[PDB]
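What follows is one chain in structure tokens, specifically the form deposited in one PDB entry.
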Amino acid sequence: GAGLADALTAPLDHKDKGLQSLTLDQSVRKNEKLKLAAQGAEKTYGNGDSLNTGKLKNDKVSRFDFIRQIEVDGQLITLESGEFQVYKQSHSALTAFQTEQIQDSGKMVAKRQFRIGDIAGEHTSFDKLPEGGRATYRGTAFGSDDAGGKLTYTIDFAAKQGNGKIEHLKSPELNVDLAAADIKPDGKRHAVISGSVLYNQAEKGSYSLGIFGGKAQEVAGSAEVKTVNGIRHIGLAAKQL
């Protein structure tokens, strides 16, 4: 099945289907705890702890209930609750939070917000990229209340440039083009792409993707789309055939 309770209970195992582990850094801030629950199991995570994605299904969004807490003088205080989403590929994975409740400035109040957490995996080294050819990636774009978006992305490894498109999100303004952008090395010389998104040729935000896998099998990242109701965040993950 979805292996949600397995993920909350079992040690990492490299013989499980990759990606087998994701380090929770953005997803759990220092001074805070993240409690995930699903299928009758629960686990509490701190900053830097591993999430066992090896037990989860590939190419799908896995969903947990979450509580964000802080420990104050021996007592656990709930700051936020909602759904924690995990999208798993073979060399990459990402997390996201759909907030449903926050503290009532000792009570909770309803509040909805969607953000991307961690994007990680087996980063492709910029210095070990294919020297040429053109790779096509297909996968998913997901945002608040919508995991049905389709991402297409193409990389030209000679030009070291990529571009793509998001389609089929229920909110039409989110189905943006991912404009041509250069592959660059980041601080650790990981291969990364950052560029603008476009809607009807108009600039409408940005996107960034990492390249993952020894043979650049995968891309994963996120986009920010500017709207009159705020920035909307979209998780991005795609893979070659």
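The first residue of the shown sequence is 1; numbering continues from there. Between two forms, the rigid core is the largest collection of C-alphas that superpose within 1.5 Å.
FYI, the form deposited in another entry isn't displayed, but the following is about it.
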Discussion item. How about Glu131 - superposed on the rigid core, does its CA move between the shown form and the other one by 2 Å or more?
Written reply: no
Worksheet item: After fitting the rigid core, is the C-alpha of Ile77 off by 2 Å or more between the shown form and the other one?
Response: yes
Item to complete: Compare the position of the CA of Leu12 between the shown form and the other one after a rigid core fit and state whether the shift reaches 2 Å.
Response: yes
